[PDB]
Amino acid sequence: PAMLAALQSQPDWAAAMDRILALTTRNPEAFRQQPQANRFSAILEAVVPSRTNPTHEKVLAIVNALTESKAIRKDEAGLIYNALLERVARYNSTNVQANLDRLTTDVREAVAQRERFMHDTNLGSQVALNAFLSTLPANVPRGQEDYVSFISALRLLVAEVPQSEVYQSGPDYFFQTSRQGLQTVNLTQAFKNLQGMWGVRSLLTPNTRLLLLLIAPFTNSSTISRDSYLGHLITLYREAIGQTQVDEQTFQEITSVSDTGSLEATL
Amino acid sequence: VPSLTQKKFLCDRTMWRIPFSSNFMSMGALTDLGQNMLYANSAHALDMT
């Protein structure tokens with residue numbers, strides 16, 4: 001967000017007194033040959049460099065930052081830029097003209113948090129979930145305490161699938177997405193229909209089934225035993241996921257050999 | 001009866017140039033010679049007739 005300001009403005013002096021002096025490597029005999037007008041319009045630069053006025057540049061180094069995180073929309077950085085320039089062209093001083101400098105050489109460096117924001121989704125995945133888990137009932141359900149293993153598999157899923165896995169709080173009911181596409185929106189305040197079977201050995205509306213199928217991959221010997229339903233189903237969903245991988249590769253193979261066809265004797 | 005040829009040379013809409021370079025030619029702008037009296041804050045004074 002700065003070199004995009006460098007690569008939007010500011011067309012050096014070492015590179016100029018490295019060429020006039022003929023200290024380059026590839027073609028030293030470069031500056032000598034130019035017309036004796038250029039060679040007298042580049043020698044009086046690396047002999048008495050001309051000052052500059054950097055405000056615009058680093059101000060453009062701030063706009064290109066805002067509009068890349070999300071404030072000032074892409075189409076408004078022609079009013080924001082003028083407004084910022086005129087503000088910093090009023091109150092300017094070594095005061096502000098520096099306070100910028102720090103802002104521009106910190107905003108491009110203090111981007112690690114932003115990177116973190118999208119590397120553990122600690123923006124709407126764990127802060128939301130670790131909020132929703134605090135809206136759950138007490139952590140002592142009656143039947144079993146396979147509860148905690150499931151509720152931890154949920155956190156692991158949300159933390160190890162950065163894709164989007166956003167956890168909205170679309171009003172009273174917090175709902176889990178499986179991707180920004182969102183074609184597996186399962187309601188996470190509607191598994192207070194699993195605070196039923198948390199411990200037993202057709203009452204699951206697929207919404208609950210959707211959550212089970214969504215996390216299952218991330219369950220191993222955790223939700224465990226023959227803890228009824230919740231146990232097996234998870235195991236059966238994992239088995240079905242493996243079989244689905246098998247059938248996926250099989251169908252690609254059988255359609256690369258060559259119409260419903262494979263879809264029948266696969267499904 | 002006898003002839004004493006006269007002879008002219010109309011030219012209209014054209015401004016005689018005298019371009020100022022060496023090979024009185026045109027190899028650019030900031031033309032050769034000009035380029036010399038560039039930097040040198042030198043000063044001169046024509047006087048054509």
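All of this is worked out from the model, or read from it or from the source named; these are not laboratory values. Neighbour counts run over all protein chains shown; Cβ positions are idealised from the backbone, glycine included.
If residue A:39 passes every condition in (1) in a loop (DSSP other than H, G, I, E, B); (2) within 14 Å of another protein chain (Cβ to nearest Cβ); (3) not small (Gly, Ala, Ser) but one, which one does it miss?
The single condition residue A:39 does not satisfy is (1).
If you check residue A:114 against the conditions, is it outside the structural domain of residue A:197 (by CATH), of a type in the set (D, E, K, R) and under 18 Å from residue A:180 (Cβ atoms)?
The answer is yes for residue A:114.
Checking the condition under 22 Å from residue A:44 (Cβ atoms) and away from chain A (no Cβ under 11 Å), which residue from B:43, B:29 passes?
Answer to the selection: B:43.
May I ask you to say which residue of A:65, A:46, A:61 is assigned to a loop (DSSP other than H, G, I, E, B) and in the same structural domain as residue A:11 (by CATH)?
Exactly one of A:65, A:46, A:61 is assigned to a loop (DSSP other than H, G, I, E, B) and in the same structural domain as residue A:11 (by CATH), namely A:46.
Can you name every residue in the range A:154-171 that is touching a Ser or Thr at 6+ places or on another chain (Cβ under 9 Å) and farther than 16 Å from residue A:121 by Cα?
none
Hey, does the range A:86-107 have a residue that's over 30 Å from residue A:150 (Cβ atoms), under 20 Å from the mean Cα position of the chain (by Cα) and either surrounded by 13 or more Cβ atoms within 10 Å (Cβ to Cβ) or not assigned by CATH to the domain that holds residue A:13 (or both)?
Yes; the residues of the range A:86-107 include at least one that is over 30 Å from residue A:150 (Cβ atoms), under 20 Å from the mean Cα position of the chain (by Cα) and either surrounded by 13 or more Cβ atoms within 10 Å (Cβ to Cβ) or not assigned by CATH to the domain that holds residue A:13 (or both).
Can you name the residue in the range A:217-244 that is β-branched (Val, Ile, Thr) and under 33 Å from the mean Cα position of the chain (by Cα) and, of all such residues, is farthest from residue A:149 (Cα to Cα)?
Here the answer is A:244.
Given the structure, is residue B:14 surrounded by 10 or more Cβ atoms within 10 Å (Cβ to Cβ) and polar (S, T, N, Q)?
no
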